[PDB]
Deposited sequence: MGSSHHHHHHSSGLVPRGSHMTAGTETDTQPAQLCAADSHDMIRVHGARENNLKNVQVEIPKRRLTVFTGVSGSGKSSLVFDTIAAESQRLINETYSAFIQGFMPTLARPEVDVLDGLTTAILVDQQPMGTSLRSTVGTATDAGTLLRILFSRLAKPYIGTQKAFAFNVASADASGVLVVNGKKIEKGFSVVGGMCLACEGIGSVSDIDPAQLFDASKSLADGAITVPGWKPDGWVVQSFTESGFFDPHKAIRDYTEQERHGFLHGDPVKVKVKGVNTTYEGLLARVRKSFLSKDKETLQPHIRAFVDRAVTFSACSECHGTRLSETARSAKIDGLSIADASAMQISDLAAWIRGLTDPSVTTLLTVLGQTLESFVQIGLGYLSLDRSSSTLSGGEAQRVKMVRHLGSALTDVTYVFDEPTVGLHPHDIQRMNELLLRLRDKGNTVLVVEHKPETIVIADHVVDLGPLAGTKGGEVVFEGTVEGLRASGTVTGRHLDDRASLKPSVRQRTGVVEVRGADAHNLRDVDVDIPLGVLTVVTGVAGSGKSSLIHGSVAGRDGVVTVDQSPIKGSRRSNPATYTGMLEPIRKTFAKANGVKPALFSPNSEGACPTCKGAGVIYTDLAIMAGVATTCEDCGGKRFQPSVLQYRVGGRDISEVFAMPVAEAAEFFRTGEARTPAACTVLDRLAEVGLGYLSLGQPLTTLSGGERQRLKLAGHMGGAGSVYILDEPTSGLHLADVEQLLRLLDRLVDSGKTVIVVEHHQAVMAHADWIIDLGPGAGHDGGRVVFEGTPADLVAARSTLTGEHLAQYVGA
């Protein structure tokens, strides 16, 4: 029967970015994992081709296009990514979720005194719960950060205003809800109870509803969205995940896995981009991109089962069982950073010494307090370079060449060779495309210049047989060679280019818009940009995100060179390869939220592993084969 015959998503002739005219056959209503080194093409295929085309086909039906030849059997795509859900100064976990609305309804139906409908409990409307002084923003002495008017806070259920309810952990909110007895609101209590418990089940019990949406990690944002999908009655949709193990402790990966398979078993296609073998191995189907990155990847080098992947001899197949060992010895501290009475968030008046001149890895379950400790007590101090995953400013107008400073010497080399002025090859050129400069105008290729960025007057000027648009289109790795010798020789470009290669970004194009970078990409770009000296204490939050096990060895060499040239490196991680490479571990716990906030271990990795006393130590001991 024809109507029941469309059980595969079929791709033919896919060419977005580096993809080499690839083809795949993805089984609908199954979990497919997309593997391969970073820059191999995984997001080009899953996000910029499959999901982008589903989204365009949906968009074209509303009243109000990727490069690929055939895309057959597509369904609606919902992106469950690591982008924030709303970023306004008025978006919280509660405003982004059914929870917050249900809670406002409960309060309009049960709090005393009566004050109105659900909207009297909301800070994103006035006349309305909004505090009039801060306009529901909260930065504010009149509402003490709660965002609500005195009236909105006066209406209470058993002693609790909605501000109190929103301030507690969701695990505590859930218990508060379960203890409410009142026959008027029974179904509402059941419905709110079940959403809250679902937060608890995915492991977000430590968050509060009042948490500002922009302070969530990429992984927390993604998991908050997942609560909605897991509760949704939609079926036959394609849910698309970007590394859903990000921000999860080793103890918590199996729980994420079961969530992904539960989504599938609801009758949905689940597409996951992952590097972690513990998630790869749950797949019904595998698509492996490679062989390597950029112009050296973009091919489907394996497609089949997980057992087929193991036997395939691809770069992913060959590393799938790679598991680090501990160092034979650790470095000796050249000093101490004294942390005294750390009490941000859940931290239980923490005293700890962090060793200088070594690689310290800060570990513990999500919500345990790692970032609260490190950001709160170390980040503000002098000489301390925080390199994180946050967006870069003016990203629409910038690219890796501009952000790092290499573009200027390149423009000088073009100008000197061709008898013209530097500025002719800039965003403010006479010859710049009127409608972009960036070659794109969310981001699609600018039609006026075709992506070339400049009018043909500027493009006639060449160095090494290449115009300036061809240069912007080069990967860092190719540019590293292009600018090394001959007419184009440009030593100050070479300097930055080698650093970008060394942090693992050899695949990025010099002109790639910065808004297309992942958080781990942004962080490695910044890392490269700070390399060259300036300060002596580097803080890196989860620098392995987006890295295949091949790539992590290279980051670990880079961190070793950093420490050995006399710097302190402090890394917050769940990646056990990084843990295994540490000189010193500080483990937070025991659990998340008020079950955590304490240093449960401080010591060498070998002592951690010998004890097996903490969740981190237990997992790490299994990981190193102990």
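A.B. asks: Numbered from 1 along the deposited sequence, what ranges are absent from the coordinates?
C.D. replies: Missing C-alpha atoms (numbering from 1) occur across the ranges 1-34, 99-108, 172-192, 205-315, 618-627.
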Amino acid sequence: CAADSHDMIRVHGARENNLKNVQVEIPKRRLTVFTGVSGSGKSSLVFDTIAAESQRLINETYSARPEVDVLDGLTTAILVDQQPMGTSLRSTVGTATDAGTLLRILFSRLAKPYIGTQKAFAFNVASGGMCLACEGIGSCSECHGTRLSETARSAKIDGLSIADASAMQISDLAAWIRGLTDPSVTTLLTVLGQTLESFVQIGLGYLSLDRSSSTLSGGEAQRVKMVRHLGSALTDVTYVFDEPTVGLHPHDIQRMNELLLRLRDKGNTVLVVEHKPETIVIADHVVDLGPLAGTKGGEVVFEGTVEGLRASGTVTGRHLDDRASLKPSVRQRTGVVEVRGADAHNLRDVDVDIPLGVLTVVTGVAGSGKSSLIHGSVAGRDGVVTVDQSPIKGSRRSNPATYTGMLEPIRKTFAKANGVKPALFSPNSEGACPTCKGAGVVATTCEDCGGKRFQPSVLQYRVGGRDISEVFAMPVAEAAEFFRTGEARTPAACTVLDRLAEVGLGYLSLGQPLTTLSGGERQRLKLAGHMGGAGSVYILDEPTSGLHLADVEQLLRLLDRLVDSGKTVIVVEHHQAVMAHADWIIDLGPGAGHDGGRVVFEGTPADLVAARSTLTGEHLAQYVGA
From here on, numbers count along this sequence of modelled residues.
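A.B. asks: Mean CA B-factor: is it higher for 478-486 or for 452-460?
C.D. replies: In the deposited entry, the stretch with the higher C-alpha B-factor mean is 452-460.
A.B. asks: Using only C-alpha atoms and the B-factors in the entry, which stretch averages higher, 511-519 or 146-154?
C.D. replies: Of 146-154 and 511-519, the stretch with the higher C-alpha B-factor average is 146-154.
A.B. asks: Quick one: which of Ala550, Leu204, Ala283, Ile162 has the biggest Cα B-factor according to the entry?
C.D. replies: Result of the comparison over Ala550, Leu204, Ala283, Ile162: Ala550.
A.B. asks: Go through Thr363, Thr87, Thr76, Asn257 one by one and give the residue whose Cα B-factor in the PDB entry is largest.
C.D. replies: Checking the PDB record, the top C-alpha B-factor among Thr363, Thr87, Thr76, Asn257 is at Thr87.
A.B. asks: Would you mind checking where the Cα B-factor of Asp560 ranks among the modelled residues of its chain, as the lowest, middle or highest third?
C.D. replies: Middle third.
A.B. asks: Would you check the entry's CA temperature factor for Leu608 and let me know if it's in the chain's lowest, middle or highest third?
C.D. replies: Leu608: CA B-factor falls in the lowest third of its chain.
A.B. asks: Ranking the modelled residues of this chain by C-alpha B-factor as given in the entry, is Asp69 in the lowest, middle or highest third?
C.D. replies: Highest third.
A.B. asks: Sorting by Cα B-factor within the chain, modelled residues only, which third would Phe601 end up in: lowest, middle or highest?
C.D. replies: Within its chain, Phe601 is a middle-third residue by C-alpha B-factor, going by the deposited values.
A.B. asks: By its CA B factor, does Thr444 count among the lowest, middle or highest third of the modelled residues in the chain?
C.D. replies: Highest third, going by the recorded CA B-factors of the chain.
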